[PDB]
Amino acid sequence: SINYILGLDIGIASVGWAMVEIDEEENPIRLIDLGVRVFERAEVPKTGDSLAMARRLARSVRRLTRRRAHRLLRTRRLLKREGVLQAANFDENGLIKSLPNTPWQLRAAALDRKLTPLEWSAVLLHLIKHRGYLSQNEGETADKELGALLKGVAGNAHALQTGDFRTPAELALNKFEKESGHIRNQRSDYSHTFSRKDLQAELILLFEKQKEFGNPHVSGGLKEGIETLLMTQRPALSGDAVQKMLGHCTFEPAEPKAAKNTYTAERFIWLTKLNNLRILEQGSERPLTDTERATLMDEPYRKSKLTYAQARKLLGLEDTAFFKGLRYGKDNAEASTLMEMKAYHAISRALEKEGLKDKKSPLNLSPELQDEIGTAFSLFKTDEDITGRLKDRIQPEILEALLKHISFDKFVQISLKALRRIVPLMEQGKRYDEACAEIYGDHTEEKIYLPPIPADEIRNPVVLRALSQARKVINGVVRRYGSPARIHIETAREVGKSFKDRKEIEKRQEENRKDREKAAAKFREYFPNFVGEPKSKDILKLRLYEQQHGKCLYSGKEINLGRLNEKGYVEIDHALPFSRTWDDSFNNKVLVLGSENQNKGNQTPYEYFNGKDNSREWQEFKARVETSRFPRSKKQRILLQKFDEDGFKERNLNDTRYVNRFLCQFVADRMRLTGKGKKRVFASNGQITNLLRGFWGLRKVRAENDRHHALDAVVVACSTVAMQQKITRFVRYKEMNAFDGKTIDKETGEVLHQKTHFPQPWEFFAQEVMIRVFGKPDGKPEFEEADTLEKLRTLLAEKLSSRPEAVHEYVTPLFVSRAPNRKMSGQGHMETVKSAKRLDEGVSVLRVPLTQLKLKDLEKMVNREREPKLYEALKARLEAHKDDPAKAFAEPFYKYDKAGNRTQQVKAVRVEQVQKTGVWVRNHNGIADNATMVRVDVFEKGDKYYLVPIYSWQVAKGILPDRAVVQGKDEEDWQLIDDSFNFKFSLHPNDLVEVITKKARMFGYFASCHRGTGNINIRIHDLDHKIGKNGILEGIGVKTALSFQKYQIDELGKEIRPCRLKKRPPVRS
RNA sequence: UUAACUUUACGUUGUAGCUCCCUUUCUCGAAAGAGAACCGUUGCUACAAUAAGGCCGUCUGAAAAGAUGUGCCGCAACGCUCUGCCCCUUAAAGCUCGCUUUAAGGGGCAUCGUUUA
């Protein structure tokens, strides 16, 4: 029905979209529709953590406590099956009655006495409950706090063997209490941690001694079962399980994916790097000559690491040649690694360390033997499995050496079998695809609607959610308007970037915003009688001036600073012509006098300065750039000489990141586009998107409105190749002046007027777009939005009377669509558990350490008035350290006796807190703070409204809450809902709601429902900063609202309608 | 890089035995000060619970109890095969002065499906 191009602007939390109708030749002519869709990014917002991480953590904690409870239960049940049970020292649940508080003392006496069945069961249960640390490639090292825990473990094991201690218990008692005053570990310390081997030896010695003094129950079955309980734990993921949790090598499905610390895999990576290597010299780009490869090829084995500096040393590299891909910005760039055979050298040093290897000669194990060492050491996590796998094929001395030092862990995407047929070909200089093609010379049916985004190809949560929402928007646009001709994409550079990368980008952007204002101050004080404030071209002019030593790059005549902003005095030329390269990067922008750019035309410096003829002007200019404060990338670009005219501008026009490659392939293959034929999907390059936005008069106002996301989606949608051709020929006409009274030779036959500004998609493009996106004429933010079709259409027809295609049957105000969130699960209560004792008073008590405790906390100390000296001593020390309690209570704090002496040490005091509501946790002995409400049921009676809050713990227990919030009154005196009330709707977070009160009408997405007031917050759809607190209406009273209802909304911001719910939905199925 | 993955060791809450301070209070004292009761609560150690909640399997058992186990799931992402909810389109009848019913189709969201166990 319409020939339109769908432009998308994909962010990590948004998707802008616009449809632009095109004519037969693909020029843009009408803007049909647009929208913005916003969501929550697939990460923990403040920390950048994975959203699944809290899940994973809590699940593993659940399993740990579950397994321990099961194991202690089996311990009692085995005490029951044999011997000392009691069966009368049990109780209703099954726990031992009057069990004792002395186990450490009893275990230290267990060597000198037959303990009571009571004491015997006590210490057995104690051993099993706290069974020390296990090795889990045998005994080893890596991470700093795991390393600290093993520091403690090894220290205490050595202490038992060297010193006067029979078993861990006696060590604990004697030394720990003589020098510390406690046994078990504290806060984050791991000094008193024991290994499981020492405790198993303790169990066996206790059994020996207790057969020595008469403990009847020293059975085979009791011994063997107790020790099995103490030692058994489920296997870690072994080989075939790990091989299955990975992929299966696509090139050889019978075989698994290779281990990365193997000879063949490391050789594969090294050969790919070697064949990929390029050298950039003074504009040239060349691969490594065969001799260069030979020289480098065996070096990564010979030396520990092959550094780029050393690569430059071995290659006869002249001082101006540099390595492509490397970041050459600062000091030690060529200190980076080019290759490091980590497995080769790990094995070699492991042997060297102990005498199995010479060190003067390369390790002599076979490529296969190294492959087997690597695969086995990466597939198994214990001594015994590794020794079983490797004893068959390599000698025990070198093996035992390998078990002590080696810690390998990663996998690659291809099998050892497929690599062994491939890397002998890349050894002969052929690339990977070519190599695969020769061997496996082989290795897509389209529907109307795009299928789901495959998670296998998108190994990133943020990217996966962004692409899922983009797919939703695409399929909605298809439903409403049919199949698009082509889909043009612009995705933010922060899509696909680590959280730390994004925050670093943010800090760099702030730094640049400060540095440019410093540059403007310098420009001011340089040219003092300068009228204004200066543009960005002027500051760039001065920066290039400084960079080129105040010397024109094309003539050598000194640029005169005082005339720097004289009109026409100095130009900024594109070294390579923008018409043939579409390269607008600062690597291409030089500062020259006006007198010399008139002759240049559309010439590259190579051609213009006659680089082919080795002319004196050419060598002079080439030396003039190599002696400028330019970056090697800029100096390299300015003198390209031999680039791919078409390929270079293809890469400048397109965006080739993995997200964009995957989209351009997946969308094109799997969805129908009624588009001409070749690249039906186009991922615009961000640089040219910015350029086109600036020239087309659209440059946006930096995130004061969620609707700016639509803007670039329009831009990318008008970036069709026909428009590209128009712009190209325009820039070319500009290059060689041609703007006087001439003729446009080709097909326009038009005045090349002195002002022939940049080809636009259509006349008044900017204004129409601004009205369409913001509902306001641009430059006037201050205005009132035409928030209805009528107003919008009348505004478009008034301020764009010349253009009647700016009003049609699809022009509607932009409404940002927010992804709903109606999940009825989640965190049931907050994490810290507090005392439910003084809960009739609105109080709860929690133990607060002194290192956490600041004066606000200390005011609520339970014993503030009982122990006044303690209160005021704490207060005085903290006031000395100004509420930095880490500094305040580093040195131990003590209570004092009435004679003024040091007594018991204090580490944590009890503090009463506020507690009106909570969740009953820990078998009704703890109170927790409520979580976030997953639902709000709304009822009506007497033209007033009543909000029943529904939390997730109530959903778990299956209780549909009775009462509705009453401001002020706490929950016991809330309004009980019965059949006398009329239910209206359930509110989930981010549902669209309308509230008509006496004073105003409010329309937006439900955000929060305060439970002390019954009021609600709503996000304005576009989150405009002018409204509420950062786009949020706070404390909207709905108890006495005239109207209050819920709405339905599209993924495209359409179909806004009230929805009516028949019956109140339950909490459980 | 994804996202799954043995364990330990803490931390919190409840309760015990020992303890440091200390508010009220009784007693002994000419004082200085001592000594004891409830509670608060410092510190050590131990047991329990460690989301709120839901289950398995095996073996006795006649059920209807018991034994019992390297037991299992529960804060997420995605989806639309099953099901619930919302909404939309089209066609056909009628109660009445819209509403109801039938039939075919199309989407969204989930307490539904998968990852998973």
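Numbers here mean position along the shown chain, with the first residue as 1.
Per the header: X-ray crystallography, 3.0 Å.
Each Cβ is built from the backbone N, Cα and C atoms, and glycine gets one as well.
The annotation Mg(2+) 1 binding site is assigned in Swiss-Prot to A:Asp9, A:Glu490, A:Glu494 on the grounds of sequence analysis. Secondary structure at A:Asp9 (Mg(2+) 1 binding site), taken from DSSP and collapsed to helix, strand or coil, is strand. Within 10 Å of the C-beta of A:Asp9 (Mg(2+) 1 binding site) there are 28 other C-beta atoms, taking all protein chains into account.
Under the heading Mg(2+) 2 binding site, Swiss-Prot lists A:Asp9, A:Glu494, A:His709. Residue density at A:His709 (Mg(2+) 2 binding site): 27 other Cβ atoms are found within 10 A of its Cβ, drawing on all protein chains shown.
Taken from Swiss-Prot, the feature active site, for RuvC-like nuclease domain covers A:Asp9.
Swiss-Prot lists A:498-653 with the feature domain 'HNH Cas9-type', giving sequence analysis as the kind of evidence.
Taken from Swiss-Prot, the feature active site, proton acceptor for HNH nuclease domain covers A:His574, and the record attributes it to sequence analysis. Within 10 Å of the C-beta of A:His574 (active site, proton acceptor for HNH nuclease domain) there are 20 other C-beta atoms, taking all protein chains into account. For the recorded site, A:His574 (active site, proton acceptor for HNH nuclease domain), the DSSP three-state label reads strand.
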Euclidean distance between Cα atoms of A:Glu494 (Mg(2+) 1 binding site) and A:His709 (Mg(2+) 2 binding site), Å:
14
Distance between the CA atoms of A:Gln136 and A:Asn137, in Å, given 2 unmodelled residues in between?
8
Which residues in the same chain, at least 6 apart in sequence, have a Cβ under 8 Å from the Cβ of A:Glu490 (Mg(2+) 1 binding site)?
A:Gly7, A:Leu8, A:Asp9, A:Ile10, A:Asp655, A:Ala683, A:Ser684, A:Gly686, A:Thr689, A:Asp712, A:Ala713, A:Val715, A:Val716
Across the 5 unmodelled residues, what Cα distance in Å links A:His443 and A:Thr444?
14
Residues close to Mg(2+) 2 site centre defined by A:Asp9, A:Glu494, A:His709, Cβ within 8 Å:
A:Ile10, A:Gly11, A:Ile12, A:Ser14, A:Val15, A:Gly16, A:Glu490, A:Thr491, A:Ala492, A:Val495, A:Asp712
Inter-residue C-alpha distance, A:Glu494 (Mg(2+) 1 binding site) and A:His574 (active site, proton acceptor for HNH nuclease domain) (nearest angstrom)
28
DSSP output for A:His709 (Mg(2+) 2 binding site) maps to helix
Please classify the secondary structure at A:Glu494 (Mg(2+) 1 binding site) using three-state DSSP.
coil
